[PDB]
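Encoded as structure tokens, the structure appears first; notes follow it.
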Amino acid sequence: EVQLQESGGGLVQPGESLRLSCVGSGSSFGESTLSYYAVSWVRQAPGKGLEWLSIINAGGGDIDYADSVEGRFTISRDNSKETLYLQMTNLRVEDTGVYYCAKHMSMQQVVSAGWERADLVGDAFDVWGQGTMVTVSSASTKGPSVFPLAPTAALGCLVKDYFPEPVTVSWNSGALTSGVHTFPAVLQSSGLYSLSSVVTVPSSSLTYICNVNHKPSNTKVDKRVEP
Amino acid sequence: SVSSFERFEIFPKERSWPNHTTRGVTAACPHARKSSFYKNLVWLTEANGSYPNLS
Ligand SMILES: *[C@@H]1O[C@H](CO)[C@@H](O[C@@H]2O[C@H](CO)[C@@H](O)[C@H](O)[C@H]2NC(C)=O)[C@H](O)[C@H]1NC(C)=O
């Protein structure tokens with residue numbers, strides 16, 4: 001089918017701008033790419049529900065926005081690149097969250113056939129992106145501090161001090177894909193996040209390493225875990 | 001040459017085709033800047049990924 005991949009988000013100061021991109025790939029029925037359908041942006045603040053922001057039709061018409069983002073945010077699409085955009089301006093702290101790209105079900109045009117749909121349906125979201133996170137905070141970014149948790153049994157990795165989310169954990173490039181438990185992060189008293197990650201191993205020991213990836217600071221650590 | 005002549009709705013658009021899409025329009029047949037279609041016909045198309053049998 002059609003797949004969607006948001007990108008271009010992270011940490012930005014209040015009152016600043018940021019441009020998210022949504023890239024389409026693959027095709028549904030009749031070789032229909034993303035330019036056959038109408039897309040919306042939908043954001044989710046940490047711990048809350050889904051908020052719809054804006055919609056655009058296949059040809060780029062019938063734009064509309066939610067009152068909360070009207071005037072600040074602008075939707076658009078380069079169908080030649082099968083890409084959507086969201087140009088955010090004057091970013092407020094409550095704009096923080098995971099911004100999603102979501103395709104609408106109904107086919108809106110088939111350009112080579114000379115067929116358009118007279119209306120804009122805006123019906124069910126049958127395809128979503130993995131999401132890209134936007135953190136609006138004037139606090140500076142800081143790299144993660146990682147320390148081992150040496151040893152059925154258990155060996156872990158303690159990512160102690162960083163800001164902001166998210167990080168990416170993967171023990172030995174997905175070697176331990178069973179029994180893992182990357183724990184939800186907490187906000188330490190200092191003000192920087194902390195996080196642990198674990199895996200269960202039996203009496204047999206082989207070397208085990210954890211691969212840490214923190215995008216906003218170009219951080220990538222393959223920390224060891226020997227007894 | 002006609003003694004009389006009047007036009008009537010043989011197949012009322014929305015009521016006649018509940019299970020197909022009727023709002024098809026084309027840039028080939030534009031009316032009022034926007035692109036539309038014939039006034040006496042309907043370009044029936046798939047609805048919900050299905051073109052049910054029609055009679
Ligand atoms: C819609 O109509 C087509 C033909 O107009 C039907 O196609 C038949 O399908 C059966 C199997 O269900 C085949 O054995 C026949 O060979 C097909 N052709 C004909 C002429 O019968 C189709 O079944 C119809 N759809 C429904 C849901 O009844």
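In this calculation the C-beta distance from A:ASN213 to B:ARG15 is compared with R0 = 45 Å, giving a FRET efficiency of 0.20. Residues whose amide H lies under 5 Å from that of A:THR182, counting only those 5 or more places away or on a different chain, are A:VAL198; hydrogens are built 1.01 Å from N in the peptide plane. Amide hydrogen proximity for A:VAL146: with H placed 1.01 Å from N in the peptide plane, the residues at 5 or more positions away or on another chain lying under 5 Å are A:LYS160. Net charge in the neighbourhood of A:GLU16 (other residues with Cβ under 14 Å of its Cβ; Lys, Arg +1, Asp, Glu -1) is +2. Restricting attention to the protein assembly as shown, close to 95% of DSSP beta bridges with both partner residues there are antiparallel.
Charge tally for A:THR89 (other residues, Cβ to Cβ under 10 Å; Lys, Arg +1; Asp, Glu -1): +1.
Each helix, a run of at least 4 DSSP H residues, gives -39500 (n - 2.57); summed and divided by the residues of the protein assembly as shown, these come to 0 deg cm²/dmol at 222 nm. For the range A:180-198, backbone nitrogen atoms closer than 18 Å to the point 7 Å from A:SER140 Cα along Cα-to-C-beta are found at A:190-193.
A crude spin-label estimate for the pair A:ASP123 and B:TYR38, with each label 7 Å from Cα along the Cβ direction, gives 2.5 nm.
On the beta carbon distance between B:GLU6 and B:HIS31, with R0 = 30 Å, the FRET formula returns roughly 0.85.
With Cα atoms defining each centre, the range A:1-63 and the range A:158-200 are spaced 28 Å apart in the structure. Remark: the range A:84-89, residue by residue, has Karplus-estimated 3J(HN,Hα) of 9, 9, 9, 8, 8, 10 Hz, where x stands for each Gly or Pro and the curve is 6.51 cos²θ - 1.76 cosθ + 1.60 at θ = phi - 60°.
Potential lengthening of the chain between A:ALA154 and A:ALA175 amounts to 6.0 nm, from the contour at 0.36 nm per residue minus the alpha-carbon distance. For the peptides B:43-50, A:39-46, the ranking by mean Cβ contacts within 10 Å, running from highest to lowest, is A:39-46, B:43-50.
Rounded to the nearest whole Hz, the Karplus-based 3J(HN,Hα) values (6.51 cos²θ - 1.76 cosθ + 1.60, θ = phi - 60°) of the range A:19-25 follow the sequence 10, 8, 10, 10, 9, x, 7, with x at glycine and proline.
With θ taken as phi - 60° and the Karplus curve 6.51 cos²θ - 1.76 cosθ + 1.60 applied, the whole-hertz 3J(HN,Hα) list for the range A:94-103 is 6, 6, 4, x, 9, 8, 10, 10, 9, 8 Hz, x standing for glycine and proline. Here A:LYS142 is the anchor, and the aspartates and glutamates within straight C-alpha reach of less than 19 Å, apart from those fewer than 8 places off in the same chain, are A:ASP161, A:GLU165, A:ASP222. Packing, as the average of other Cβ atoms within 10 Å across residues, places the peptides A:154-166, B:21-33 in the order A:154-166, B:21-33, highest first.
Inter-chain neighbour count for B:19-26: the average number of beta-carbon atoms from partner chains within 10 Å of each residue's beta-carbon is 4.
For A:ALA58, the residues whose modelled amide H falls within less than 5 Å of its own, excluding neighbours fewer than 5 places apart on the same chain, are A:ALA38.
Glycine also receives a Cβ, built like all others from the backbone with ideal geometry; neighbour counts cover every protein chain displayed. Read the figures in this text as sums done on the coordinates, not as results from a lab.
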